[PDB]
Amino acid sequence: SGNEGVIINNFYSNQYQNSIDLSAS
Amino acid sequence: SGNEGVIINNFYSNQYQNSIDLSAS
Amino acid sequence: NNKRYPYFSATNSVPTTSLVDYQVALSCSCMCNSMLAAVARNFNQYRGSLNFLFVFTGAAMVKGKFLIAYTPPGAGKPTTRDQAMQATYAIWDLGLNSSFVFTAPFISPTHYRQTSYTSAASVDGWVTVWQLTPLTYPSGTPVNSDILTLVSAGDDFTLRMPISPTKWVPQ
Amino acid sequence: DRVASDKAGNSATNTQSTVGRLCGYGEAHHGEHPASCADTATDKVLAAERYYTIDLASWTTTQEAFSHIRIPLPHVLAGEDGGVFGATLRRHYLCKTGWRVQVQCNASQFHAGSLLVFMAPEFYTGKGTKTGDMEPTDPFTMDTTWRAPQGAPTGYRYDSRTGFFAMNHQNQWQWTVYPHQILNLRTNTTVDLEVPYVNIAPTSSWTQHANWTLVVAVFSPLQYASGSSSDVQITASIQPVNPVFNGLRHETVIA
Amino acid sequence: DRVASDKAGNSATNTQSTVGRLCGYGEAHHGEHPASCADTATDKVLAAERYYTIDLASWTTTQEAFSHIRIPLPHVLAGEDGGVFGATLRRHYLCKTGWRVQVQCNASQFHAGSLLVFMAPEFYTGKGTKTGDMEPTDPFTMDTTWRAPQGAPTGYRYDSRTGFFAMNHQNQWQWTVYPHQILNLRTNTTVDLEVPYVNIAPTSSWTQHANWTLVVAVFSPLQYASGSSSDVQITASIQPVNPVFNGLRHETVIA
Amino acid sequence: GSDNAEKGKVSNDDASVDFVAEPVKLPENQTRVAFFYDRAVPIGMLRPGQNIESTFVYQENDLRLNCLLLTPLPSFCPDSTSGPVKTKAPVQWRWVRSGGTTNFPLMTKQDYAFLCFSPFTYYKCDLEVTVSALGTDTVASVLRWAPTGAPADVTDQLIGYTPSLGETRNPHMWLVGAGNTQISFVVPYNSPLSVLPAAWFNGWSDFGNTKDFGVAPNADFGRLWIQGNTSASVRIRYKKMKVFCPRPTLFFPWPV
Amino acid sequence: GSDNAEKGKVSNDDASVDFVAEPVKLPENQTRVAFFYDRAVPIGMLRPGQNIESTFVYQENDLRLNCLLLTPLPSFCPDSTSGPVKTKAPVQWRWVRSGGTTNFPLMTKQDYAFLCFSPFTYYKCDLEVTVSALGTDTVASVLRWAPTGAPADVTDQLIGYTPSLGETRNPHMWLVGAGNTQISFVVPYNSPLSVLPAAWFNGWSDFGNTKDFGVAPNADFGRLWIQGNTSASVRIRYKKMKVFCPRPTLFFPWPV
């Protein structure tokens with residue numbers, strides 16, 4: 015969706031690379 | 015468990031990267 | 060003379076004002092030295108219930124009732140049992156069982172709350190303790206009873222974002 | 012099993028010497044809407060359905076058998092102490108409710124005495140005769156000082172004469188016929204009562220009628236040896252059971 | 012089908028020239044309890060869920076394009092005019108609600124002019140700069156006189172200087188991006204709007220934040236030939252949609 | 001063609017509706033909130049008040065600070081009837097302000113782009129920060145970061161001849177040596193709030209409602225403190241951005 | 001509500017127990033012993049007493065040493081009725097101490113964070129060490145490490161014009177050249193003991209019970225010796241940390 019176009023795009027785990035989305039309810 | 019979030023996280027063998035856990039008994 | 064005790068005292072009277080009053084706020088000072096606060100100061104935010112534990116150490120022959128309350132912000136801190144009674148409260152009756160666990164509910168606009176008095182919204186409401194009825198007893202009994210006051214994180218409770226506290230030096 | 016707790020919204024009573032909850036007329040206010048009103052009722056207001064805990068009185072060795080204090084309802088909670096309940100009540104023509112009450116009072120194993128705590132429908136709460144009109148004074152206000160019994164409970168006339176009796180007569184020798192419990196210093200520090208909704212009509216024009224009264228009366232005089240804690244209060248936790256409101260309007264200025 | 016009625020508790024709006032109800036963000040306040048509060052919320056208070064109808068303003072030939080009036084929420088209904096809703100609101104730390112509004116204003120087929128009626132989140136309601144503190148005045152009060160537009164809508168600084176702009180800037184040329192409707196004298200005498208609950212948090216510390224604002228602004232100036240009825244008011248019926256209250260306490264003295 | 005604006009909206013047409021014509025639309029993605037804001041932009045710069053060997057201290061110089069607030073919105077040493085209090089950490093301001101007599105530069109720091117164009121009421125995202133050296137000398141620098149609301153712990157050096165800023169469990173960075181000149185990294189949406197105000201917060205920041213109206217509390221991504229021998233340009237980047245409740249953009253001056 | 005503290009414990013409630021309310025709990029992991037201590041923190045610094053071309057010798061200077069003890073606990077040249085013996089390798093001390101008159105800096109080295117907050121009696125883990133240059137000159141440096149209890153072998157240069165520290169089979173590091181400025185690495189829990197004392201060891205360190213009470217023997221992760229032209233800040237990091245038998249944290253001063 016955003017301005018990111020790299021295939022090997024993992025290296026750092028997802029949960030580290032980004033804030034964790036979680037729904038209150 | 016700890017503060018480590020890298021996928022390709024091996025390179026150095028486990029036994030070299032960390033003290034070896036072993037139970038006396 | 061401003062020195063600390065693991066407790067507070069009550070007697071055969073109904074003090075027009077409150078007996079003690081804890082400010083629900085990890086940063087808060089009467090907790091300065093509890094494990095709860097000691098851990099909390101190493102984290103940026105919290106969520107959930109705080110549990111206030113009271114233990115009656117006066118004589119077996121002594122009786123009486125207390126009114127423990129939690130007041131959320133918006134209308135200022137309570138100045139009378141009557142007002143306090145309008146917020147979240149519970150009556151504590153002395154008897155065979157020595158203690159009482161009072162829960163300060165986590166009532167808030169935001170999913171989380173900052174753990175520290177870093178700038179100034183100062184607080185998240187107050188916990189106030191009042192006499193409902195006087196401590197009553199017989200002749201031959203110490204007229205002033207001591208109530209141990211402990212605090213701890215309740216069940217719901219959590220902390221997050223590990224950080225460093227403003228450095229300090231023990232006295 | 013003498014240890015009990017009762018919760019109501021953000022409030023909770025608690026006792027270690029209970030003797031159970033006496034439920035008057037063997038039943039409770041269910042919160043039904045009144046068949047006499049066309050408008051959909053306002054009900055189930057959590058904020059209004061809790062225990063309002065207040066001061067009743069100071070019990071002393073001076074008070075004698077059958078001295079008492081009268082607490083009118085809803086009136087006593089119609090103002091400030093009634094929080095959201097009183098606030099909502101003040102803005103409605105009609106209210107229909109039950110009551111759940113806990114009266115508190117502790118002393119010691121070395122103290123003697125006993126109280127009659129009860130609830131009565133249509134019980135006289137008038138304070139005195141209003142000089143001029145030939146009517147009572149402050150019917151709807153709670154007694155702020157113990158009331159002496161009548162040697163001959165013939166009630167109170169307003170015509171400034173005496174003789175025979177008045178319809179507001181209340182014969183204490185029989186007060187135990189009302190839903191009640193006894194608070195006995197050697198047995199318990201609390202009493203728990205509950206009453207349904209009763210009245211001359213399906214719902215009430217509260218503004219002008221105190222249909223229920225909470226009465227605390229002395230049976231056997233307070234007693235204690237010198238040295239024993241002399242200061243003894245009587246407080247109470249009062250809760251409106253399933254209040255139902257009708258006829259919303261601009262606010263009645265109890266104030 | 013331009014004839015419509017809307018009921019809410021013991022209240023009901025009605026119109027013979029409607030153009031429908033514009034529902035902002037394509038959705039409404041469902042009255043869910045806030046995941047951020049542990050205490051069971053007070054909700055569904057019929058007495059509080061109705062239309063409170065009040066005066067907005069007097070529209071005259073003098074007012075020009077983009078002159079406007081700002082109405083803050085819940086604040087404007089937090090006091091007396093808010094009846095049971097305001098009364099309950101004043102006794103709770105937190106409130107979370109949506110709004111359903113009808114703005115009224117009639118003239119004639121011989122009158123000309125048009126209004127922009129809309130609702131915006133976090134819209135500046137400050138009146139003036141408080142001499143001394145470097146802060147606004149009466150943020151939470153409704154405009155009692157039409158507000159002149161800014162030729163260059165750069166907002167309001169409190170540091171008593173000028174230059175660049177303030178975060179409270181509001182560019183009227185784009186006001187139609189907010190949920191709204193247009194009240195056009197030749198077409199309709201009413202507008203109907205509705206908005207959900209939005210905010211920086213799951214529920215609100217209302218006491219100190221007017222998260223929503225009802226704005227009435229002039230687009231094309233009022234006009235009428237001599238002899239034509241010159242007196243033209245603008246009123247409004249405001250209703251709290253599914254208000255939900257938390258953190259019950261002693262009462263905040265709005266007064 | 002024919003319609004009615006009154007109802008809050010209107011037919012959103014293309015040529016083919018009123019005329020013997022047709023839709024000329026082509027696929028295209030570059031107009032998306034996320035993608036669009038997902039590029040780097042300068043908000044201010046950092047200037048060291050002191051060595052890599054000493055105790056750090058708030059320091060201003062010609063509008064430059066040894067510490068900065070991570071927010072798109074305008075910021076600076078706290079303002080006062082008597083002038084901005086420069087012995088302190090920057091905070092969120094309610095307006096933009098000229099460094100001096102002429103319009104530029106600015107006394108305040110901020111994402112001017114984001115301000116001139118934030119078509120929305122609330123937003124949220126993670127923040128990617130980049131700190132680039134403005135000078136050419138072999139660099140020796142330390143950078144400290146902290147989440148919104150955290151203690152500044154701007155205390156004394158515990159260990160002599162070393163950087164006080166480095167003395168923390170908080171996320172800190174150590175850069176030194178020829179060719180080693182830029183620091184890059186990303187931090188999480190760390191605010192107590194569910195979403196952030198893109199421009200204005202129509203309420204008081206204190207329970208007493210006497211202070212800082214228009215500014216939401218902890219409405220930022222924390223902050224940066226620097227120390228060492230090198231000044232740096234600081235840019236931010238909106239990661240996985242999300243916006244809500246559309247609103248008007250900054251006004252543009254009508255041609256004389 | 002009602003309970004009894006006497007028995008050693010009590011009901012651990014949430015709002016829903018005593019009132020018409022409920023559990024507001026959200027998932028969350030950041031409070032874990034392992035994760036929490038798994039971040040870098042400075043314990044001291046290293047200053048070279050001599051060139052990369054000479055024979056190494058213990059050397060102190062304004063509280064700075066050319067050698068350091070790998071432990072969270074306080075350390076320094078061994079103390080003596082007549083003052084700390086600076087011609088020797090640092091050892092574990094039983095208290096923290098001001099470098100001079102005012103509180104700071106400190107004469108002793110240690111993990112101040114870990115001391116102010118170690119809610120436990122014993123611990124263990126591997127130790128990740130980082131050695132960062134404090135200066136900007138092309139670096140020429142050698143670093144020697146050794147496990148707790150090993151011979152210091154602080155002997156003479158065998159080969160002229162070269163670093164004595166480098167002359168060993170022990171793990172040593174050689175850093176040199178423009179842009180080459182930091183050393184990073186990890187060592188194993190190398191102690192003879194099963195677990196380490198987080199704070200205090202209620203016993204004597206010698207069979208004669210006459211010496212060093214409160215300090216457990218070989219209760220450290222070995223040590224570092226340095227030589228060459230560059231001073232460096234030294235930080236440690238708790239790897240796969242484990243703690244046991246909870247205990248009280250460092251006291252905090254009650255507000256006047």
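Residue numbers (PDB author numbering), protein chains in the order written: chain 4, 15 to 39; chain 4', 15 to 39; chain 3, 60 to 179, 182 to 232; chain 2, 12 to 266; chain 2', 12 to 266; chain 1, 1 to 256; chain 1', 1 to 256. A prime marks a further copy of an entry chain.
Note that the Cβ used here is the ideal one computed from N, Cα and C, for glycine as well.
- Taking the Cα of residue 220 (chain 1) as reference, the smallest distance to any Cα among 162 (chain 1), 147 (chain 1), 247 (chain 1) is reached at 147 (chain 1).
- In this structure, residue 259 (chain 2') sits near residue 58 (chain 2), with a CB-CB distance shorter than 8 Å.
- When C-beta atoms of the segment 64 to 84 of chain 2 are compared with those of the segment 230 to 237 of chain 2, three or more pairs fall below 8 Å, so the two segments count as touching.
- Its chain contains 183, 232, 234 as the residues whose beta carbon lies nearer than 6 Å to that of residue 131 (chain 1), once the 5 sequence neighbours on both sides are disregarded; these appear in chain order.
- With respect to the 8 Å criterion, residue 84 (chain 2) and residue 184 (chain 2) are not classified as neighbours on the basis of their beta carbons.
- Under DSSP, residue 122 (chain 2') takes part in a beta bridge, and its partners are 235 (chain 2').
- In chain order, 112, 114, 157, 158, 209, 211 make up the part of chain 3 whose C-beta sits under 8 Å from the C-beta of residue 5 (chain 1').
- Across the structure, residue 215 (chain 1') and residue 203 (chain 1') are spaced so that their CA atoms are roughly 7 Å apart.
- With a 10 Å radius around the Cβ and a threshold of 16 neighbouring Cβ atoms, residue 66 (chain 2') comes out exposed.
- Listed by position along chain 1', the residues whose Cβ is nearer than 9 Å to that of residue 232 (chain 3) are 251, 253, 254.
- In the pairwise beta carbon analysis, the segment 167 to 183 of chain 1 is classified as touching the segment 125 to 139 of chain 1': at least three pairs are separated by under 8 Å.
- Pairwise C-beta distances place the segment 143 to 159 of chain 2 in contact with the segment 74 to 82 of chain 2, as three or more of them are shorter than 8 Å.
- Here residue 243 (chain 2') is buried. Its C-beta has 16 or more other C-beta atoms within 10 Å.
- Of all residues in the segment 176 to 191 of chain 1', only 188, 189 come within less than 7 Å of chain 4' when Cβ atoms are compared, listed by chain position.
- Under the Cβ distance rule, residue 146 (chain 2') counts among the residues neighbouring chain 1, one pair being separated by less than 8 Å.
- For the segment 15 to 39 of chain 1', residues whose beta-carbon sits nearer than 7 Å to a beta-carbon of chain 2 comprise 18, 19, 20.
- Residue 65 (chain 2') is bridged by DSSP to 247 (chain 2').
- Here residue 159 (chain 3) is buried, its C-beta having at least 16 other C-beta atoms within 10 Å.
- In this chain, the alpha helix (DSSP H) harbouring residue 140 (chain 3) covers 140 to 143.
- Taking 8 Å as the Cβ-Cβ cut-off, the segment 80 to 112 of chain 2' approaches chain 2 at 94, 95, 98, 99, 102, 103, given in chain order.
- Beyond the five residues adjoining it in sequence on each side, residue 195 (chain 1) comes within less than 6 Å, by CB distance, of 122, 124 in the same chain, given in chain order.
- Nearest CB-CB separation between residue 16 (chain 2) and chain 1': below the 8 Å threshold.
- Fully contained in the segment 109 to 179 of chain 2' is no alpha helix (DSSP H) run of length 4 or more.
- For residue 86 (chain 2), the uninterrupted alpha helix (DSSP H) run begins and ends at 86 to 89, by DSSP.
- Per DSSP, residue 198 (chain 3) lies in no alpha helix (DSSP H) segment and is marked neither H nor E.
- Where residue 222 (chain 3) is concerned, the enclosing beta strand (DSSP E) starts and stops at 219 to 223.
- If you look at residue 241 (chain 1), you'll find it in the beta strand (DSSP E) that goes 232 to 246.
- Across the structure, residue 90 (chain 1) and residue 82 (chain 3) are spaced so that their CA atoms are roughly 29 Å apart.
- Against chain 3, the beta carbon of residue 13 (chain 1') has neighbours under 8 Å at 108, 110, 160, 162, 215, 216, listed in chain order.
- The beta carbon of residue 18 (chain 1) lies closer than 6 Å to those of 1 in the same chain, with the five residues before and after it left out.
- A buried status is given to residue 220 (chain 2'), since no fewer than 16 other beta-carbon atoms sit within 10 Å of its beta-carbon.
- 8 Å or more divides the Cβ of residue 84 (chain 1') from the Cβ of residue 114 (chain 1').
- Here DSSP, grouped into helix, strand and coil, assigns residue 95 (chain 3) to helix.
- The beta carbons of residue 33 (chain 4') and residue 189 (chain 1') sit about 5 Å from each other, so the pair counts as a contact at 8 Å.
- Within chain 2', 57 have C-beta atoms less than 7 Å from the C-beta of residue 51 (chain 2), given in sequence order.
- Judged by beta-carbon spacing, residue 248 (chain 2) lies within the 8 Å limit of residue 113 (chain 2), meaning their Cβ atoms are closer than that value.
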